[PDB]
Amino acid sequence: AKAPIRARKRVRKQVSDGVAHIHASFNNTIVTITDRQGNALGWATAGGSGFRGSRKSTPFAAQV
RNA sequence: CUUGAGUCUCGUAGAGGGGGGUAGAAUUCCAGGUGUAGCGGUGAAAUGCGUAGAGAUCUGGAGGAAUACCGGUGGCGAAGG
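So in the deposited numbering, spot 29 of the first sequence is number 29, and the numbers just go up one at a time.
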């Protein structure tokens, strides 16, 4: 019967507020979330979000 | 003789020259924390770097060159500068 709702296993750390850094360049854009005291909390990128080619340096790819 | 040319005091502007020190931003490298799979590159790509933990990100150190903006048809210089 059962068909699932929860998106992941239960939350970890839990910090309420953070800093993000967007390193935007002519070939690729990297978005990296951190804590105020300097800790990566996760990242994703245009190239890792499955664009490649010329699409890798586009505002639409940056969004995704 | 004194208009030429030289000379004296008072001042002014400027990256003019030489010798010493010093400060910040940044690329780099080493060190350590976080953190996950690409990163880097182009017309597109591959070689490269990456699952031995890179890229990004926070801290600290090392070093060496240059010295943003101001800077402008600007200015100084015998010219190169």
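Don't be surprised by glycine CBs; every beta carbon is placed ideally from N, CA and C.
- Secondary-structure assignment with DSSP links residue 42 through a beta bridge to 33.
- The three-state secondary structure of residue 24, taken from DSSP, is strand.
- The alpha-carbon separation between residue 51 and residue 35 amounts to approximately 28 Å.
- Burial is judged here by how many other beta carbons sit within 10 angstroms of a residue's own beta carbon; residue 40 has fewer than 16 and is exposed.
- Distances from the alpha-carbon of residue 23 to those of 33, 54, 2, 55 put 33 closest.
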